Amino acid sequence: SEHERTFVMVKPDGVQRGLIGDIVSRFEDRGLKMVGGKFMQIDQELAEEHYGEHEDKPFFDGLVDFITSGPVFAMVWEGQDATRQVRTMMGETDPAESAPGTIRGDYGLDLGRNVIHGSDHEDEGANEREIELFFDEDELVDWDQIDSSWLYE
């Protein structure tokens, strides 16, 4: 671990409600290093490709419409065990089952309007697929953050 990466995304509800800074501050405070960041408007092709596992499900179109309703802030974050860690930080999928101190536990209320997305660490390879899906290799940035020498042994 250490140069592990994950895809993380302030969803359109978090963007609208003015929580980009707050959320990025939590990942920066943590020592996680930003290596991708992009303010964008997901299109149909990308939305439907992102939720492909849910194609045949009834709720699919509503899901595409929401993630489409307004712009997102897509991120790639780097650090030891980043993928699991970001998921611990965000809370449970449902904000109403999330503990205070998690992103969703502090900022959210509804299951389907949960402010943020992070690659599932239990879906092996998910982080990579999501990253390549949202960022071209050129959009990613190789650097060394000041913090790194004091974050890791």
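One-based numbering along the sequence shown.
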Do the CA atoms of 22-30 or those of 44-52 have the higher mean B-factor in the entry?
44-52
What third of its chain, lowest, middle or highest, does the C-alpha temperature factor of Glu137 fall into?
highest
Comparing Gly108 with the other modelled residues of its chain, is its CA B-factor in the lowest, middle or highest third?
middle
Chain-relative CA temperature factor third for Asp13:
lowest
Chain thirds by Cα B factor, record data; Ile116 belongs to the lowest
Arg84 by Cα B-factor - lowest, middle or highest third of the modelled chain
middle
